[PDB]
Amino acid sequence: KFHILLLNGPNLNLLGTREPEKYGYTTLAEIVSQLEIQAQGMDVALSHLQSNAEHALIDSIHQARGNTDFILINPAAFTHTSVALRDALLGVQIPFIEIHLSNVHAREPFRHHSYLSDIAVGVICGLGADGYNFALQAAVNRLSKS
């Protein structure tokens, strides 16, 4: 069975709380529950962690070594700032896909910079929660080739 770790970075716990009539009502719990149902349908063992702590995400990545086939990560703000997270992913050598709900290129210029996009298998941005669904499909498709 394939084992996939879903990581959500800082502030994603707030999803669906800020002016939802403007920004959307979907919550992180709903996205995760949706992806668990999908993974179960594909015979994937999915694990999840959301954290506002950089160290907790790094620890999860370290703990994945030897037992996890792929990482799906929405790094949120840490994609722009965390060399430590980059080095955690590089150190464990588990492939990953980077996911952003919104289009991060349509915002401040500082959000164009990433310490993860260049080492990711790929990146999905701007497609909302569907991005997680697609990333999971892509991971399973890849793992199924070899």
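In case it trips you up, residue 1 is the first one in the sequence shown, and so on.
The mean C-alpha temperature factor is higher for 29-37 when 29-37 and 49-57 are set side by side. If you average the C-alpha B-factors over 137-145 and over 2-10, the higher value belongs to 137-145.
If you compare the C-alpha temperature factors of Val44, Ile99, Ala77, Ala120 in the entry, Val44 comes out highest. Sort the chain's modelled residues by C-alpha temperature factor and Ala64 lands in the middle third, per the entry. Looking at the C-alpha B-factors along this chain, the one for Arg107 belongs to the highest third. For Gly126, the recorded CA B-factor ranks within the lowest third of the chain. Only modelled residues enter the ranking.
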